[PDB]
Amino acid sequence: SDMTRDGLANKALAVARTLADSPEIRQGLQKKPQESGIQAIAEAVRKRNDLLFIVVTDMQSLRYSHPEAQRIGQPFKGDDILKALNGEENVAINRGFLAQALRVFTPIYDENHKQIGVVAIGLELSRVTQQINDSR
C-alpha cells in the first residue's frame, strides 16, 4: 500500500527492468499473457519479496505473474494503462482477499520512443505488515 508506493515504484521498476530488459521480453511482447515468459522479471519477484504480479504486457494488460492464480485474469480496462499504454506513469490499488496491494504502471517502446506496450508491477502485500507499520 504505502511503503510499496515509493520503493516498489523505484525498487521494483529497476529489477523489473533488468529482465524486462532481457530478450525474451520484446519477444514476449511478440506473444500474449498465458504464453509469454514472465518467469525472468520474476527474477524481480524473488529480489523484491518472493511475491508480486510483475508483469510485462504485450499490448494487452494482464498480470502475467502473481502468487495467487485468480487475481491475474481480473485486471482489464483498469484505465490505469490507458495513460501508460500510450506513454505515461500511473499507480492504483487492487482489492481482493489478502490481495489488498498497490501497483505501478510503465510504458514499453518499440525501440524508437514509440509506445507499444506496458509494464505493470503489483505488490500482493502480506509478509510485510509489521515492517510497513513501524518504519512507514
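Residues numbered from 1 in each chain as written, not as in the entry; some residues may be left out. Heavy atoms only, no water. Residues with missing side-chain atoms left out of burial classes, pairs and counts.

- The record lists solution NMR as the method behind this PDB entry.

Focus: the nonpolar core
Then step 1. Membership of the largest hydrophobic core comes to 38 residues, with the highest contact counts inside it found for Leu8, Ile41, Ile54, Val56 and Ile121.
Then step 2. Apart from the residues lying within four places of it in its own chain, the contact partners of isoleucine 41 are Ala16, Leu19, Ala20, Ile25, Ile54 and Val56. (Core = buried A, V, L, I, M, F, W, Y, C linked by side-chain atoms within 4.5 Å. Buried < 20%, exposed > 50% of the residue type's maximum accessible area, 1.4 Å probe, protein only. Contact = heavy atoms within 4.5 Å.)

Points about the pattern of salt bridges
Then step 1. Going through the model one piece at a time under the given rule, you end up with 6 salt bridges.
Then step 2. A salt bridge links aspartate 110 to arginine 26; its shortest N-O distance comes to 3.1 Å. Of the two residues, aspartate 110 sits in the loop between β3 (101–109) and β4 (115–123) while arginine 26 sits in helix α2 (residues 26–29), which places them 84 residues apart along the sequence.
Then step 3. Here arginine 26 falls in the partly exposed class, since its relative accessible area comes to 45%.
Then step 4. For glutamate 68, the salt bridge is made with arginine 71, and the minimal N-O distance between the two is 2.4 Å.
Then step 5. Given a relative accessible area of 16%, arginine 71 falls into the buried group.
Then step 6. Residues joined in a network through salt bridges with shared partners are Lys31, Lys32 and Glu35. (Salt bridge = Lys/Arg side-chain N within 4 Å of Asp/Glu carboxyl O. Helix = DSSP H or I, 4+ residues; strand = E, 2+ residues; numbered from the N terminus.)

Regarding unusual backbone geometry
Then step 1. A positive phi angle, near 70°, is found at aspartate 50, a position not held by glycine.
Then step 2. Note on placement: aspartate 50 falls in the loop between α3 (41–49) and β1 (53–57).
Then step 3. The backbone phi angle of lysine 77 is positive, close to 50°, even though this residue is not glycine.
Then step 4. Among the structural elements, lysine 77 can be located in the loop between β1 and α4 (81–84).

Observations regarding the sheet that holds β3
Then step 1. The strand order β1-β4-β3-β2 describes an open sheet built from 4 strands, whose pairing is antiparallel. Only two strands of the sheet have a single partner each, and these edge strands are β1 and β2 (90–94). Shown here is a sheet whose adjacent strand axes are inclined to one another by a mean of 20°, direction ignored.
Then step 2. Bridge analysis of β3 against β4 gives 8 bridges, and the strand direction is antiparallel. Considered in β4, the bridge of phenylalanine 105 is made with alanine 120. (Pairing = 2+ DSSP bridges. Axes fitted to C-alpha atoms, helices over the stretch in contact; angles between N-to-C directions.)

Points about the pairing of β4
Looking along a regular strand, one sees side chains alternate from face to face of the sheet.
Then step 1. Counting buried residues along β4, 7 of its 9 residues qualify, which places the element largely inside the surrounding structure.
Then step 2. Here β1 runs beside β4; their pairing, made up of 5 bridges, is antiparallel. Each residue of the ladder has a partner; that of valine 55, found in β4, is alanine 120.
Then step 3. A loop of 5 residues connects β3 with β4, the two strands running antiparallel in sequence, and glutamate 111 in this loop sits at a positive phi of about 100°.

Considering the packing of helix α1 (residues 2–19) against α3
Then step 1. For the pair α1 and α3, the least separation of the axes is 7 Å and the interaxial angle reads 145°. In the crossing of α1 with α3, the sense of the turn from one axis to the other is right-handed. Taken together, the residues of α3 that come into contact with α1 (itself represented by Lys11, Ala12, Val15, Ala16 and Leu19) are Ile41, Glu43, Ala44, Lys47 and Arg48.
Then step 2. Residues belonging to the contact of α1 with α3 are distributed by class as follows: 6 nonpolar, no polar and 4 charged. (Left-handed = near helix turned anticlockwise from the far one by under 90°. Nonpolar A, V, L, I, M, F, W, Y, C, P; charged D, E, K, R; others polar.)

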